[PDB]
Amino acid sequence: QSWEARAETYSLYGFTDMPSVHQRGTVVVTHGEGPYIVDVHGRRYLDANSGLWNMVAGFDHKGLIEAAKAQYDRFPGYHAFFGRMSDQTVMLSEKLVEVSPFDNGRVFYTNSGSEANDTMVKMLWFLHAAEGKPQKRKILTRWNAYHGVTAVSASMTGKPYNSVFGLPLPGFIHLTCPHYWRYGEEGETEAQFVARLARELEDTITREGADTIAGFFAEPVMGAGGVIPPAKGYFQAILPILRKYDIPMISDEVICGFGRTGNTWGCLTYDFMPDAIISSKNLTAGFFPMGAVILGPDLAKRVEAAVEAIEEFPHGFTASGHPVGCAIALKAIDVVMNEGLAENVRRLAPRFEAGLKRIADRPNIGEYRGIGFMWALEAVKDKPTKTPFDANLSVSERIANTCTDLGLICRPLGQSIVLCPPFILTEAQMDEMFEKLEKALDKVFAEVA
């Protein structure tokens, strides 16, 4: 019984290309060092995807390892219901409101980012109903958005593949993605593009009626949708319209939270104030499953009041507010902001951007894009016309597979080659990643020209 065999026999794989995994075998990982992972055959890889955006401190950070173990020595498990919670919970809440852009606020916990978005929607429904508008339920997101995998968070996610579940559910509207390169019109400037989306939102609000719309969620920079920075002035045009019609604005900071963008929050980087923040991933540097909904002052007041009218918030997850996870997050927050990880991103962003600009030079890259330590190259069959490769060429898989074969974990989402390495990444490691990526590109584009 090999590892590959055992894996195939018992696993139902999620987000796994099945013809790749049948033909190649599951890669079974035993440990890591810095930004490297090592499999059971001893084969070693530079994971330029931070595992899954979240391992910003690498795969063996001593401080974080030591922090987790200490909390298990102290108090290994508990909950946050019935008027009881850990000291460690009370601590993170306090810490989180502080690092947040809000002056004061409140914090509710989940296990995943998906749960947090799901919770956020329910909070909105609860809130508008208690404030006299039970019909105020619709949820606005963007095409290419990714907000998670529960029925609701998947309805929030703007991707063709949710049709296999018969989603989105009624009440979830997808507006145009602010990706200027893809969706900008013949001879339309970036400013004209941003004005068209401001206009498109208002039309939607007119079409549906503000009294039926409960919220607007946005990632500051779109992550799993393939690293899409917003067109210039998007949030500046977008927010006032939402204030005008009394539509809560929620910032999904699950990827942008704590550093990847060049700041503590994506909404800092793009200079807007949300009514609430959804945080996860980096929150624990992938050491423990944690999610957080951070309500800004206005929603905090309103939710709090709404609760006391009824006497209980009948919502919550078994492991939410976990002593271990809260401890880890404190340490992770401290490590990122005070032990140089976030600054490392700001420092190396210029060089990272220089590498991609060099790489984008060839016939089959349409553009490069991103910010800080989150970036993507777009593969095209024809550059002038912007036309993608045929589905049957499986260009995405070829690139992933070839990268893996050269010792580089790089995961393309669609025809968007994504790079989101840990923050602990050294200039030499960054060179390693580029050199490996380039070879992969040469090989694949020549197979496929």
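A residue's number is simply how far along the shown sequence it sits, counting from 1.
On average the C-alpha atoms of 295 to 303 have higher B-factors than those of the other stretch, with 295 to 303 and 146 to 154 being the two compared.
Mean CA temperature factor is higher for 425 to 433 when stretches 11 to 19 and 425 to 433 are set side by side in the entry.
Of the candidates 138, 357, 182, 122, the one whose C-alpha carries the top B factor in the deposited record is 357. The PDB entry gives the largest Cα B-factor of the residues 81, 172, 258, 216 to 81. Per the deposited record, the Cα B-factor of residue 388 falls in the highest third when ranked against the other modelled residues of its chain. Residue-level temperature factors show residue 34 in the middle third of its chain, judged at the C-alpha atom.
Residue 51 sits in the lowest third of its chain by CA B factor, as recorded in the PDB entry. Split the chain's modelled residues into thirds by C-alpha temperature factor. Residue 366 is in the middle one. In this PDB entry, residue 27 carries a Cα temperature factor that places it within the lowest third of its chain's modelled residues.
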